Structures are given as structure tokens and as C-alpha cells.
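Working notes, beginning with the structure itself.
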Amino acid sequence: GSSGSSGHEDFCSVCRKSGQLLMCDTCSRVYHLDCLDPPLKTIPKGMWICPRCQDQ
Ligand SMILES: [Zn+2]
Ligand SMILES: [Zn+2]
């Protein structure tokens, strides 16, 4: 067989769809650009961090 495992996900953690997803520079989670909190639009310049990390 095979491990069949990966470090980071490959699906939105809000709507769960296919396509390009953002990556966090800390944890191992992915979030769309419109499915954020707060929501995003363009490429968030500078070290970006998901709202799940900044929060407890
Ligand atoms: Zn989404
Ligand atoms: Zn994170």
C-alpha cells in the first residue's frame, strides 16, 4: 500500500471546493481568498497568517 498522507490540505476549510487555495505560514491548513474571516480579495502581501492561528 502507501501512506497516502500530506502535510497541508488541498481543499477550502469552509466550502470545500477545487482550485487555488491559500497556505498558512505556521499551521497546516488552507483557506480560500473569499472564504476568510475577515474575507479577502487579492494576494495578501506580507507574512500572512490564518485567523485560526492568531486566535486561541
Ligand atoms: Zn471556499
Ligand atoms: Zn495558521
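28 is the number that the authors' numbering gives to position 28 of the sequence shown; each next residue is one higher, with no gaps.
By construction, the Cβ of each residue, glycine as well, lies at the ideal position given by its N, Cα and C atoms.
In the DSSP assignment, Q54 falls within the alpha helix (DSSP H) that extends over 51 to 54. Judged by beta-carbon spacing, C12 lies within the 8 Å limit of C35, meaning their Cβ atoms are closer than that value. Bridge partners of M23 according to DSSP: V30. Proximity to ligand 1 was defined by a C-beta distance below 7 Å to any of its heavy atoms, and the residues meeting it, in sequence along the chain, are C12, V14, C15, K17, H32, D34, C35. If you check the CB distance, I43 and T26 do not come in under 8 Å.
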